[PDB]
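Written below as structure tokens is the structure these notes are about.
All of this is worked out from the model, or read from it or from the source named; these are not laboratory values. Every residue, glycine among them, receives a Cβ derived from its backbone with ideal geometry; neighbour counts consider all protein chains shown.
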Amino acid sequence: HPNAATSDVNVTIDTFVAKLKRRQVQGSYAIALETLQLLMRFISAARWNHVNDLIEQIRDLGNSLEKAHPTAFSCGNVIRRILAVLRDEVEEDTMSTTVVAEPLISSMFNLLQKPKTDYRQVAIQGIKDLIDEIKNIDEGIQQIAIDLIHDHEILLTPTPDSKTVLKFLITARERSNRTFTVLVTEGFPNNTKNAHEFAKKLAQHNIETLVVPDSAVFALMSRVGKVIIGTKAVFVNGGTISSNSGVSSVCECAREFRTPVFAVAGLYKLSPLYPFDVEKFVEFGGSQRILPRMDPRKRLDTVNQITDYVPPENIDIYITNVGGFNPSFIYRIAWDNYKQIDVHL
Amino acid sequence: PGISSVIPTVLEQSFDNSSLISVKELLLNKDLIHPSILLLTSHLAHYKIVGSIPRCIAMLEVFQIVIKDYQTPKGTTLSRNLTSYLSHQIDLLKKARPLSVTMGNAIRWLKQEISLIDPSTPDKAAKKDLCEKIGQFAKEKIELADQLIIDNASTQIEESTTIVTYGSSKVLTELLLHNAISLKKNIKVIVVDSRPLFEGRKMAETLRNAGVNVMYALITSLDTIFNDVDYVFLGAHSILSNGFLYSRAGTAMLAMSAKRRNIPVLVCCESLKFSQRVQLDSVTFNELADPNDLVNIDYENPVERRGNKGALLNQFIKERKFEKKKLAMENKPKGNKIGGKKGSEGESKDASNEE
Amino acid sequence: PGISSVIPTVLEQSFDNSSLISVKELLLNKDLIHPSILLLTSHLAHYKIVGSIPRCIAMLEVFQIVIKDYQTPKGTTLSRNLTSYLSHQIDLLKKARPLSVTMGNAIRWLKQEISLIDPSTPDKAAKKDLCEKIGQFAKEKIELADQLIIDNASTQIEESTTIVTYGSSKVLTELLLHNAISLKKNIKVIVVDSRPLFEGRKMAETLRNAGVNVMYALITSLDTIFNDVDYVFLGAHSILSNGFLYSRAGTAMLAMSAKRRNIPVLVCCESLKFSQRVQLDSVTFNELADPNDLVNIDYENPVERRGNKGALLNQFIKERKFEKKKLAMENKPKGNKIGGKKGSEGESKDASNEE
């Protein structure tokens, strides 16, 4: 189904599209909120009764959105989650309408063997719940992080900007008796300003801050105890695509010198899509903020990438609103909220 | 000598093996100090181009000039205060910025030469020969070494090669140029560079000026061109009797990557680069400049801008420290080629007895 | 009423959060408290044999006994100040010896039971059923599991064996006994002992009580042994949600050695001992005891010589501490034996959400 009705039905779809394509929007949580609002709008004005068709339409829309931007995931993921939420309810409803169902627990082999209600209000309530969850992950993750950190340990903090990570850090700092040292890598391109902002915020409360050059990691990694990352995209085999600037080399170094890695994450930010090749998923970036003027660009060849992928060979813990999970196990967690069907369409 | 100390910035809780700051702006200079040295110091204070090899050559040249300028006095003899002067110069250099092993070796050689020639000889006749000898030494222990390196490369390097390098290793640049223009072969040369120094950029520019296809690289990723890369030379500064290397920036990282993926790395050097002193970590001896290379928001070096950056003491506790020289590993640089042509870095001091 | 105070030896610097200290010698406590629990706690405190398996069972038995003895008040119901009493008991237990994963599980079970039969029932009808239920549970989840494990072990040996062993765990001992007796194979057992609490000696004694061909060694004495010898075994206490081995003392080193010498290790697991709690380091929560565990010199435990050492608080400027529970490497032990016969440690929490 094409983008034909998506103009007269709702007020703000074009602007959303613009935000997606041209990057007017900032913050993944904000994006999620926007998507939720869009969904609400879709629901509120329209009366459907036929549900499966609607679900299919929604799926198609999601697919289209995904196709529109190859490295933006959050919007898609949220939609997928919503679909999943709907689906089980629909299945339940059908079973009531018709009137053995379950022999033991959640079992396989169902892929080979053959398997008026106030529904709208319920759907609305689900959306509200989702919104609430998105709002209050701050009170969700809060007391799982204070179970793995202690005294006389140097902490590497690469690529910080988001309000989740910041809040976590604030919480950590509140119990100031614990000895934690903050090392911040600047992050060559865009991350620098964000890093500076973070530092300023730390200084506001009174937290010690040390500035790290990106080139110097090998001369520091043997001293650093524990590493925390505030990633945006989480994947299948245990790897992540983080919010830009030099992570891969650092991870390699850590692996070489043996260093534990923590991550502040969310299951809604986690993707059921698998990254199979380095040749595709690694996103190259702009050379606008590298060298002034374009006459040397004739013979020389500047190679630059902004956002980077991490192999699962390195990270070991994912501290979430639920709890810390193993990278070579996170697939199960993902499947406890997502499906195998909603991948290739 | 003049004026010392009186400088900002804290001692730093993390990493303080060597003293961190100096003489930049001249006021009340002594009568006997040669201005060339001062000029050199001024250059080094904010230098982009030179690194290890050319510095030593420059120093040698300066010394030669000084020798040319100086004659045997009536009261004091030729070997009376020369040594003292040399010592003073060395001290000044130390004050300015820590030096290299090659420089030390050169100094030692000079001392030996001084010891050799007796003060009873005719003065005019003496320095006439001494200068010649110095010239000969320069020709042999530098240019000839370079030539030897080139020839080593020639036999070893396959029919047209993709080459990766880092820094401002002048010898290697020269070799690259030779490969491009003199012997004529395909040169897919890749150069990496960091934030604080624009050495790599400069090298790239130079290559362009000679007509070479260059691939420019930064910190954020290296593997993007690797995952293809076939043969690699590393940046060099000084060697130890362990089998390790004391070199510039994230060369160690590169070496590690090479070790991980497909093929090891190799470094060619001069026969008078080797030391007999030893170390094994990036905490032993750190080479430092002022934390100001990343204060200016990227692009060019002299800019002077109004913005946000510049909080060394202004806000509630902030430190912006860095390093220049780091430890390169042993198990990965298997190759070492000098004035003695062939050998391994596992043979860490096999040439120190022969010299 | 009850007061702590007076702590023995130096407190060091690191590892300063866990409850380990105080009430070793009895001097005035609360009035109407049942003393059997206290006695049990005391026993646990001065124990040198117990390891993973039996403690929880003992606790369960004690609870059963208490229930059997329990008097329902003449005015008030079965639970009013009972909860307070229970809390007090728990506190006492904590003061004596840390509540492990098994203990937590037991507590949870107790709570569940309480929830099941809540304030409505008389004297000898409720508890009559409850006790029987508890007995049934004991019969089910533990003994049968152990039997299953034993049977798995039985099949796990095919053709010829030469084994190196460590651990206090009863299950391993049972397995060894089975190997010796009702299988009649060509078994060989080499024993490794640990200093803090004696397990190796116990194992040796057990072997003797059967009459086995037995070699004997310790934590450090390892290298000369392997000069034919294949199998290696270990015994764990508890595994977290993380998948890492949160077990007792000297295992990890042994495992590493085994890995190096090219034949891996197999550990045995239980289908109850899994926790919601998340940790990956020594500092978080650890079994910590008084430094009296490392005082005795040579051969046996009770000897006492006034030769070189015999002071702790008098030993000025000295930081004496030791670890009991270790956090072993995840990838190193290959096989794990639970209720579902065989499988990798990639399970982690595949029984936690199963409930």
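In the range A:247-343, counting only helices (runs of 4 or more DSSP H) that sit wholly within it, the ones holding 1 or more residues that are within 14 Å of chain B (Cβ to nearest Cβ) and over 15 Å from the mean Cα position of the chain (by Cα) span A:248-257, A:278-281.
So which residues in the range C:114-132 are surrounded by 13 or more Cβ atoms within 10 Å (Cβ to Cβ) and assigned to a helix (DSSP H, G or I)? Correct list: C:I114, C:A126, C:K127, C:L130, C:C131.
Rundown of residues vs (1) within 12 Å of another protein chain (Cβ to nearest Cβ); (2) more than 29 Å from B:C56 (Cβ to Cβ), yes/no style:
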| site | (1), (2) |
| --- | --- |
| B:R260 | yes, yes |
| B:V265 | no, no |
| B:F274 | no, no |
| B:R277 | no, no |
| B:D293 | yes, no |
| B:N308 | yes, yes |
| B:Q315 | yes, yes |
| B:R320 | yes, yes |
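Kindly check whether there is at least one residue in the range C:162-181 that is within 26 Å of C:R261 (Cα to Cα), among the hydroxyl-bearing types (S, T, Y), surrounded by 18 or more Cβ atoms within 10 Å (Cβ to Cβ) and out of contact with any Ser or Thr (no Cβ under 7 Å at 6 or more places or on another chain). Looking for residues that are within 26 Å of C:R261 (Cα to Cα), among the hydroxyl-bearing types (S, T, Y), surrounded by 18 or more Cβ atoms within 10 Å (Cβ to Cβ) and out of contact with any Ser or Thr (no Cβ under 7 Å at 6 or more places or on another chain), one finds at least one in the range C:162-181, hence yes.
If you check A:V182, A:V165 for being in the same structural domain as A:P260 (by CATH), farther than 30 Å from A:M40 by Cβ and not polar (S, T, N, Q), only one passes: A:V182.
Taking the stated definitions as given, is C:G75 surrounded by 14 or more Cβ atoms within 10 Å (Cβ to Cβ) and not assigned by CATH to the domain that holds C:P196? Working first, answer last.
Numbers: surrounded by 14 or more Cβ atoms within 10 Å (Cβ to Cβ): no; not assigned by CATH to the domain that holds C:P196: yes.
No.
Residues of the range B:295-306 being of a type in the set (A, V, I, L, M, F, W, C) and more than 10 Å from chain A (Cβ to nearest Cβ), which ones? Across the range B:295-306, the qualifying residues are B:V295, B:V303. So, C:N286, is that one assigned by CATH to the domain that holds C:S352, under 20 Å from the mean Cα position of the chain (by Cα) and assigned to a loop (DSSP other than H, G, I, E, B) or not? For C:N286, the condition - assigned by CATH to the domain that holds C:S352, under 20 Å from the mean Cα position of the chain (by Cα) and assigned to a loop (DSSP other than H, G, I, E, B) - is met. Residue-level analysis places A:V236 outside the set of residues that are β-branched (V, I, T), over 24 Å from C:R277 (Cβ atoms) and within 12 Å of chain B (Cβ to nearest Cβ). Counting only residues that are at the interface with chain A (Cβ under 8 Å from one of its Cβ atoms) and crowded, with 22+ Cβ neighbours inside 10 Å, the range B:187-211 holds 2 of them.
Inside the range B:293-314, can you point out the residues that are surrounded by 13 or more Cβ atoms within 10 Å (Cβ to Cβ) and either polar (S, T, N, Q) or within 30 Å of B:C268 (Cα to Cα) (or both)? Correct list: B:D293, B:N296. Once the range C:23-56 is narrowed to residues that are on the phi < 0 side of the Ramachandran plot and of a type in the set (S, T, Y), the residue that is farthest from the other protein chains (Cβ to nearest Cβ) is C:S36. Among the candidates A:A265, A:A254, the residue that is of a type in the set (G, A, S) and crowded, with 23+ Cβ neighbours inside 10 Å is uniquely A:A265.
When you look at C:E159, is it over 29 Å from A:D316 (Cβ atoms) and in a loop (DSSP other than H, G, I, E, B), yes or no? Answer is yes for this residue. Among the residues of the range B:193-203, are any assigned to a loop (DSSP other than H, G, I, E, B), under 21 Å from B:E345 (Cα atoms) and touching a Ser or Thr at 6+ places or on another chain (Cβ under 7 Å)? No, the range B:193-203 contains no residue that is assigned to a loop (DSSP other than H, G, I, E, B), under 21 Å from B:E345 (Cα atoms) and touching a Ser or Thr at 6+ places or on another chain (Cβ under 7 Å).
Conditions (1) surrounded by 20 or more Cβ atoms within 10 Å (Cβ to Cβ); (2) polar (S, T, N, Q), marked per residue:
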residue	(1), (2)
A:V122	no, no
A:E133	no, no
A:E139	no, no
A:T179	no, yes
A:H196	no, no
A:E208	no, no
A:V212	yes, no
